[PDB]
Amino acid sequence: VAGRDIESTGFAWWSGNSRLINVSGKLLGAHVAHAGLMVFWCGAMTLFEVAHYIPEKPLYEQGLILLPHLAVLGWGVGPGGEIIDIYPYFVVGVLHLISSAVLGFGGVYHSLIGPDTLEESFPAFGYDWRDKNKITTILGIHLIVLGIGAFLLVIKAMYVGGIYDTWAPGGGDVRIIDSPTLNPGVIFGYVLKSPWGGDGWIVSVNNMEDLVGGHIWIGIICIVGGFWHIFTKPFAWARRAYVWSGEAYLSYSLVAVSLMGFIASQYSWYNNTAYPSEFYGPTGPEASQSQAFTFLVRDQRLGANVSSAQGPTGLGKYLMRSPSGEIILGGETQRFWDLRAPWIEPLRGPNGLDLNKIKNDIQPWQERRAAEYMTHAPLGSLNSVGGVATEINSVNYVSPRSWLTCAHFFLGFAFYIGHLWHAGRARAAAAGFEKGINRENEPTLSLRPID
Amino acid sequence: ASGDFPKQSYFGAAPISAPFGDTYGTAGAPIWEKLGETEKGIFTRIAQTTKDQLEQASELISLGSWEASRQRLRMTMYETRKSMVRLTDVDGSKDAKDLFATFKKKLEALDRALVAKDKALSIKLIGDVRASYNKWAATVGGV
Amino acid sequence: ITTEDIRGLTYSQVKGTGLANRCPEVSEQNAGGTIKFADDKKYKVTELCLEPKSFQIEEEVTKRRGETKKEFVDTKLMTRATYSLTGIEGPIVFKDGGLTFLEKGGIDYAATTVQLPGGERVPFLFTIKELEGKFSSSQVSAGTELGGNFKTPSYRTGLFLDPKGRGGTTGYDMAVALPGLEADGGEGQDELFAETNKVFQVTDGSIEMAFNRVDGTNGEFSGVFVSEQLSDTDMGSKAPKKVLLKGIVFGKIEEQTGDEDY
Amino acid sequence: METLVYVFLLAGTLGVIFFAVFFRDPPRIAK
Amino acid sequence: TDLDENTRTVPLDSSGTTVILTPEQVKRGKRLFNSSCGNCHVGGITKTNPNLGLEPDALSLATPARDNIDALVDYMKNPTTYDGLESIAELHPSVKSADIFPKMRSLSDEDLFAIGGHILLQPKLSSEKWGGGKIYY
Amino acid sequence: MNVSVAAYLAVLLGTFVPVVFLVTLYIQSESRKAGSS
Amino acid sequence: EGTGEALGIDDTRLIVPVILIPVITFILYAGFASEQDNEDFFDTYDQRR
Amino acid sequence: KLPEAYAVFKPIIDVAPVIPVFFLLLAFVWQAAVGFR
Amino acid sequence: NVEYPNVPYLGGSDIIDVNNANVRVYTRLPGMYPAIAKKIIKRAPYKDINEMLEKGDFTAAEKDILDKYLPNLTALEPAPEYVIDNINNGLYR
Amino acid sequence: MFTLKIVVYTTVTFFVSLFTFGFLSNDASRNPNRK
Amino acid sequence: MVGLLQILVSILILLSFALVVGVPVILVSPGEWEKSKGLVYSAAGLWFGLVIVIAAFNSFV
Amino acid sequence: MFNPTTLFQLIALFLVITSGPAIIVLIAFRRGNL
Ligand code: CLA
Ligand code: CLA
Ligand code: CLA
Ligand code: CLA
Ligand code: CLA
Ligand SMILES: CC1=CCCC(C)(C)[C@H]1/C=C/C(C)=C/C=C/C(C)=C/C=C/C=C(C)/C=C/C=C(C)/C=C/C1=C(C)CCCC1(C)C
Ligand SMILES: CC1=CCCC(C)(C)[C@H]1/C=C/C(C)=C/C=C/C(C)=C/C=C/C=C(C)/C=C/C=C(C)/C=C/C1=C(C)CCCC1(C)C
Ligand SMILES: CC1=CCCC(C)(C)[C@H]1/C=C/C(C)=C/C=C/C(C)=C/C=C/C=C(C)/C=C/C=C(C)/C=C\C1=C(C)CCCC1(C)C
């Protein structure tokens, strides 16, 4: 009961994990058990996807969200993004599920029977939240581990099988990225690009060379920073600019992870290179431009001159000019003129969509892709009725992009709220008024009245 | 009518409104078989047209058009990989598969040259790509 | 910008820079040519791009309700970079005593808008649709000029609906928001007939392109043009205003392939 | 002319807000 | 009313012969229609080309007439334009084009029969909903 | 804009009369507070 | 817009304020920082200013 | 679908992804077992 | 246009005004929609149906179909508001 | 246009730098419980 | 054969139920962590051995 | 008839549902450190 009740700790059961702040070994067990939970879900869910996967439909039409990741990494997928084998997915699932047993045993061990505090039996692993050097060493070790993970992706893309390039010549295919871009002006040119329309910040990766080269850069950065933090202590400007408690570190991680959640949501929504449209389905811009393309092809086939056809308002019904002058698909797709997908670039010249290619050389596969991506737009209901809100119940479908984007935007906002809570509490507890205002020395009564 | 019990099934698949059971493969063997007449014709047409597409890519490279040259390799050729896979499996030959892989690697190298705007390497690599494609064509046969 | 330079640029470089709206030109190095029209060979225009660089509107000199004097005025563009017309193509035929170009395709219109001094906005459809241009010779060279008249369609088509749901091909045929005005048996809503009666009226314009550079190797030509047309009428509600555009022109002349299907 | 009335009313509301913020009755503790 | 045989009798051939679909057949047909073609043909319409819907008027006026099970089933394997002069198997899901349309690969003759039965059964269920569009949702 | 004309009087006087009523109630009260001292 | 310039810097002039104003602010902040007791501490935050 | 040798274990894999939710629930029962200390 | 007397021949009656009718109306007449209607709308302005048969460049089978559906076809004065929307009038379903 | 751009950049950088180096100036100590 | 692998996986399933339901009980209950650890660690070893055996026999098909 | 697929899913689900609580009932009976 000691250390596990409100009397001896001051924390209720519903703030129960707040009793783990100064209990290092039990807190380690908490973390390891929760990591076991994460890997358990990964293995169980990807096994569930393998079990429910039918070889007829594509991945995006079946509600599959995890197998697309493995397909992008280059496992069990052939040319055109056709999933030929699903045994590597099974292997990944069983490996994660089995590793979950080990991580769960470790977490339960350290939580229940392991030493409560590691600072007397294992001084190497023990720590104090206020000991800046040890915490920075732990941070640096984890940074080295993250760099090793980035280099693992690099090794997969470069040597072991390679990754799926949807932009590959011919159709999209699994290929070895032999020449990643290591130029700083490109990798950090992405990082300093604007997030608004046309720029996209780091969501605008249009090739796998930039992705793999910048993962090399991230690996180098993380390993160098980890060795920097292992052999260094925070400088005086940093030592006065932060609250050095466990809750403050938690709040910092929370804000960072919330930003990552937002960025990942927009990655799944807008990017179609690290999230190819043949695994995750069309983007919203992709579906809209596909509708415009399908009706352009239909009306051109029926005798219309699409370039010279006038819409109701005087603008192009099929083809118009973007605000910068590029020839683009017309209608309400005008906002989505920044789309670049491997099925529509083939008809794209320096000045936009080439009119000669648009008139004489639209291939049947482009029409098929446009029809498929039109009919499989991200629109859908919570109960998975595909189409607009005013549709009928015949089509059961919500795009994986919608699910991933909505979930990770939700979690990003929630973790911003968590950051605000925990950062405020860290500041208040460090200053020492997180329990209330002292009736003896109230600061406001000492302050001179305003007005 | 006045005492008719509602129908009731207890997690049964028999009823019309039951959701249980598969939708596909329940009523017979599929009509479709791999490499049919029409699909083999389509893949043959794509493979035959790929020669002209490569020739047009070489012409665009000669004129220095970089966007158009890159798009030529993904315009009427986006089905080249699938068509080549399907016809190579019909051939069932190791040398055909080796030439298939060689064409893919040469095409990727040509693209990496075209992004670099290297005219000489672009010309050399489109020539090599065309030669490898014609070698694979003579190998698998029928194109 | 030359056509040889546009081929050099990729779409990523050109996107968002305003170079897509800019009309190309024939280089001075490649000039002094002659695009001769050989007999027993059908020729046609392609890539006829027209970038207007100056927009002027014939505005009344005063806001007097009976003002008849009007002077053209400089205007600034509300719309940005949509003005240029590209891809215009057409057959070259011996319709009359000389050669003539018939406009039959391309982007060939731009629904642009400008603002005059004082803050009044004039929308207009800069177009050469249905042009019947006549070459000033039997051979295109420097100094040759192609000119003729064209029919500008309405800025809004029949399917356009006004803010009260009224259009030409569709919409309400009344001011539904004033049922008491339509209740009257004598006149009803006859006063609002001009605004309710949406009329698609096709106007007239003329263009005079003058080619200052020509090349015989590529068939390309470039020069300047001045065009005169009428502005938006809002399906007959407004009174059209005269629009005088001037700018540069590019184009090419090739041989008919038989697949154009003009 | 109604723009005059609308602007006057909005400006009057903003002025009342200003005077309420900056010319409030100062809070003081009773004895 | 029940799903009587009067609702379940649909024309089979072009001469005028009818066939009574079984409840298993119509259930399988509904599931197959919603899974294989609902994405474009939800509600008896055509999202990609709304000029040509699945309502009985359009099917009857097609060349050949597609208002019967045999004609529909032939369309599912030999699709053609509305006038029956050009083959659109490369742009339409067909069992002969299932490699480029991976939803038609698993369908058998009975599956095509059930899908045609669903198509011909729908208009009997509603006076205007099948192929009516938004106006009758 | 074909707006009403008595609406000007309506708005302006319906704002003015309560406003002067409130101002009078405030000034009266303050005056009384000052007079008490 | 949509060109991809780093921090929107299309003209080189834009960098002069962007780099200098932080540097003047940094110089003013350094006078504050150099006056502080910059030795380490074992606490959640520094109570010495 | 699972590899043939493993399809018999589909009904377990069907309930497999959902255990983490139960873990949270288990916590509450544990705190219900000690009377919410 | 609050009045347009040739509305009945726009696709709602038994007779079709060729000059300013959308392509969709030819779905009503079997065997004319995708192919024949394209050539009908290409050279749209016709003085009469006879000039349509002479000018439309129809093949012999297409002429046979048009001979079948002659009484369902007419050619009135072209309306610019309707000719511009003869292939896509925004009426889908 | 460029003049407005550089003026806005100047203003934005000024206020952002003030925010940055102000919260970096031992903001945690500015509480009533210090000492 | 497939049947033998199914039996092996079912045995692993039952052993995993035993471990999941027994390891917490042995850990928390008094005088059982080291009194009866001989069963716990041997059961973990058997669990992993079953994993490798299932891996190989799965490799055969 | 009850679907065998749904049936086996329900056995698996209910065994899972008694798994965790059975642990807590055990350590309650064995008087372990809750
Ligand atoms: C990710 C979820 C998570 C994790 C990892 C933890 C972890 C922890 N919590 Mg808990 N907790 C959680 C959620 C979580 N909590 C939630 C949602 C609540 C709100 C109800 C609480 C409320 C709470 C309180 C009130 C307290 C804790 C405490 C603790 C710590 C000590 C546990 C202890 O001794 O209990 C003993 C528990 C038991 C003996 C019951 C048996 C539990 C078994 C082991 C679970 C079975 C797991 C699995 C099936 C076994 C697999 C074995 C493997 C070999 C295969 C531990 C590190 C305590 C703490 O801080 O101590 C300092 C504490 O006081 N937690
Ligand atoms: C966050 C992770 C974490 C951390 C920080 C700790 C920390 C600790 N654990 Mg451990 N533990 C963990 C996870 C963790 N554990 C897990 C997952 C389990 C379950 C298997 C355990 C099970 C466990 C037990 C049973 C015990 C500890 C104990 C200890 C302490 C001593 C460690 C020691 O002597 O290492 C020595 C290190 C080794 C023996 C490992 C050698 C390396 C081998 C050969 C593996 C090589 C892997 C290879 C490099 C990976 C390649 C990567 C490639 C795929 C890319 C220490 C406090 C002890 C304790 O607290 O006693 C009271 C103790 O008895 N832990
Ligand atoms: C998990 C990652 C991590 C964490 C938690 C820390 C934590 C720390 N580092 Mg850092 N560091 C890391 C990785 C990390 N480092 C890596 C990989 C490197 C590269 C080698 C460094 C290099 C480094 C140095 C050289 C120093 C620190 C120092 C510090 C301390 C001060 C941090 C600070 O005030 O930043 C302040 C951050 C800024 C002023 C802005 C960062 C500039 C980038 C380029 C911004 C670019 C814009 C961006 C893209 C905008 C959008 C982002 C979006 C996600 C919101 C702190 C202990 C200091 C210390 O005391 O070390 C002993 C120190 O001097 N670190
Ligand atoms: C209910 C909890 C939950 C669940 C189920 C998921 C599920 C998911 N999240 Mg996560 N997420 C959550 C909460 C959750 N999230 C929360 C609260 C946040 C904070 C807001 C996030 C933030 C987040 C982000 C930022 C992203 C995801 C993403 C994902 C997806 C991929 C998971 C993954 O691989 O991560 C990554 C896995 C790891 C970091 C583990 C280590 C990976 C190693 C290093 C990989 C090695 C690879 C190598 C090639 C292997 C071979 C080596 C050798 C043979 C060559 C998945 C659908 C991704 C996505 O698709 O977003 C759209 C994504 O980008 N999530
Ligand atoms: C990295 C993730 C992380 C970590 C490690 C912690 C850790 C901690 N948090 Mg938590 N927290 C997080 C994320 C995290 N938090 C986020 C994202 C939020 C914002 C929503 C919060 C909000 C929060 C609050 C408000 C409080 C804590 C507290 C705590 C402490 C005790 C929590 C406990 O025992 O819960 C035991 C678990 C339960 C009782 C189960 C509750 C389950 C809920 C009801 C389900 C979710 C409901 C609903 C959908 C949420 C909507 C959120 C909205 C913003 C969208 C502990 C230090 C408490 C504390 O004492 O801090 C010192 C405290 O007061 N946290
Ligand atoms: C081999 C094979 C072939 C075909 C497919 C098949 C799936 C059958 C596969 C078999 C896979 C098997 C048997 C995998 C085994 C995996 C196992 C047993 C995983 C177990 C993982 C354990 C985990 C997470 C433990 C985490 C526990 C936690 C946080 C507990 C939390 C708690 C703690 C620590 C204290 C307070 C109470 C509370 C909150 C409940
Ligand atoms: C080992 C193995 C073999 C086969 C494969 C598999 C992956 C499954 C793997 C399984 C591993 C594991 C670790 C399985 C364990 C399952 C567990 C721990 C299940 C837990 C179930 C918990 C349940 C019901 C809890 C229900 C509690 C409730 C409502 C409590 C009620 C309530 C209370 C007490 C107070 C508040 C109000 C509320 C919420 C109503
Ligand atoms: C990996 C990959 C994939 C696709 C291609 C791509 C090129 C993008 C490639 C490369 C990506 C790269 C290199 C990404 C790198 C991202 C970087 C460097 C992001 C930077 C994040 C930095 C942030 C938030 C800093 C915020 C720090 C703050 C407030 C610090 C604290 C404080 C300060 C500074 C003053 C006020 C007080 C306070 C609050 C204490």
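Because only heavy atoms are used, hydrogens play no part in the values below, and waters and symmetry mates are left out as well, while side chains stay in. A note on names: the letters A, B, ... follow the listed sequences, proteins ahead of strands, and every chain is numbered from 1.
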Does any N or O in the side chain of [X] come within less than 3.5 Å of the main-chain N or O of [Y], such that one atom is a donor and the other an acceptor?
| X | Y | value |
| --- | --- | --- |
| B:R72 | B:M77 | no |
| C:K41 | C:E255 | no |
| I:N72 | I:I16 | no |
| E:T46 | E:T48 | no |
| A:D354 | A:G349 | no |
| C:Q229 | C:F150 | no |
| C:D234 | C:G236 | no |
| C:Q256 | C:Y43 | yes |
| A:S307 | C:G106 | yes |
| A:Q366 | A:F293 | no |

CA sep, side-chain torsions, deciding dist, call: C:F94, C:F37, ring pair (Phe, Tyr, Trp, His ring centres under 6.0 Å): CA-CA 11 Å; C:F94 204 90; C:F37 299 78; over 10 Å; no
Can you name the closest pair of heavy atoms from [X] and [Y] and give their distance?
| X | Y | result |
| --- | --- | --- |
| C:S231 | C:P123 | CB-O, 3.7 Å |
| C:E51 | C:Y83 | OE2-OH, 3.1 Å |
| C:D108 | A:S308 | OD1-CB, 3.4 Å |
| A:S290 | A:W343 | OG-CZ2, 3.0 Å |
| C:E47 | C:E254 | OE2-OE2, 3.8 Å |
| E:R66 | E:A71 | NH1-O, 2.8 Å |

Just so I know, are the side chains of [X] and [Y] near enough to count as touching, which here means a heavy-atom distance under 4.5 Å?
| X | Y | value |
| --- | --- | --- |
| C:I88 | C:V45 | no |
| C:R156 | C:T233 | no |
| C:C49 | C:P24 | yes |
| I:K68 | I:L29 | no |
| A:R348 | A:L353 | yes |
| A:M374 | A:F295 | yes |
| C:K198 | C:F160 | no |
| I:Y26 | I:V18 | yes |

side-chain contact (heavy atoms from CB on, under 4.5 Å) partners of A:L315, counting only residues at least two apart: A:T313, A:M320, C:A111
Hydrogens and angles aside, do [X] and [Y] bring a side-chain donor and acceptor to less than 3.5 Å of each other?
| X | Y | result |
| --- | --- | --- |
| A:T333 | A:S288 | no |
| I:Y92 | I:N88 | yes |
| E:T81 | E:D83 | yes |

I:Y82/I:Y4 under ring pair (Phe, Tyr, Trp, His ring centres under 6.0 Å): CA gap, chis, key distance, verdict: CA-CA 11 Å; I:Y82 286 107; I:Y4 178 72; 4.5 Å; yes
Aromatic ring pairing C:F211/C:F135, orientation class (parallel under 30°, perpendicular over 60°, tilted between): tilted
Plane angle bin for E:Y82 and I:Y33 - parallel if under 30°, tilted between 30 and 60°, otherwise perpendicular: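 I:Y33 vs E:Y82 ring planes: perpendicular.
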Going from [atom1] on [X] to [atom2] on [Y], what distance comes out if it is rounded to the nearest 0.5 angstrom?
| X | Y | atom1 | atom2 | answer |
| --- | --- | --- | --- | --- |
| I:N86 | I:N19 | CG | CG | 10.0 Å |
| I:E51 | I:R43 | CD | CZ | 11.0 Å |
| I:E81 | C:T169 | CD | OG1 | 4.5 Å |
| A:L302 | I:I87 | CG | CD1 | 6.5 Å |
| C:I107 | C:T82 | CD1 | OG1 | 11.0 Å |
| C:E89 | C:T46 | CD | OG1 | 7.5 Å |

CA sep, side-chain torsions, deciding dist, call: A:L329, A:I344, side-chain contact (heavy atoms from CB on, under 4.5 Å): CA-CA 11 Å; A:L329 292 167; A:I344 180 157; 4.1 Å; yes
Test salt bridge (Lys or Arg N to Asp or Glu O under 4.0 Å) applied to B:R74 and A:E345, step by step: CA-CA 8 Å; B:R74 311 151 160 64; A:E345 297 308 279; over 6 Å; no
Test: C:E260 and C:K42 ion pair at under 4.0 Å: no
Candidate pair C:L48 and C:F221, rule side-chain contact (heavy atoms from CB on, under 4.5 Å), full reasoning: CA-CA 9 Å; C:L48 178 74; C:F221 59 90; 4.2 Å; yes
Stepwise side-chain hydrogen bond (donor to acceptor under 3.5 Å, both in side chains) check, A:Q363 with B:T76: CA-CA 6 Å; A:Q363 308 308 131; B:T76 325; 3.0 Å; yes
side-chain hydrogen bond (donor to acceptor under 3.5 Å, both in side chains) contacts touching residues 55-64 of chain E (sequence neighbours left out): none
Assess whether atom [atom1] of [X] is packed by more than 12 heavy atoms of other residues, nucleotides or ligands within 6.0 Å.
| X | atom1 | value |
| --- | --- | --- |
| E:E86 | CD | no |
| C:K95 | NZ | no |
| C:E208 | CD | yes |

For C:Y155, the option from C:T127, C:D232, C:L230, C:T203 that meets side-chain contact (heavy atoms from CB on, under 4.5 Å):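 Considering C:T127, C:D232, C:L230, C:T203, a side-chain contact (heavy atoms from CB on, under 4.5 Å) with C:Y155 is found only for C:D232.
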Stepwise side-chain contact (heavy atoms from CB on, under 4.5 Å) test for I:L10 and I:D17: CA-CA 6 Å; I:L10 271 172; I:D17 183 4; 6.0 Å; no
Chi angles and distances behind the salt bridge (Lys or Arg N to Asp or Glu O under 4.0 Å) call for C:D261, C:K104: CA-CA 10 Å; C:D261 191 12; C:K104 298 293 178 77; over 6 Å; no
E:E90 vs B:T38, side-chain contact (heavy atoms from CB on, under 4.5 Å): CA-CA, chis, key distance, verdict: CA-CA 9 Å; E:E90 211 166 340; B:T38 84; over 6 Å; no
Pair C:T3-C:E220, side-chain hydrogen bond (donor to acceptor under 3.5 Å, both in side chains): steps then yes or no: CA-CA 10 Å; C:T3 51; C:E220 297 176 339; 3.1 Å; yes
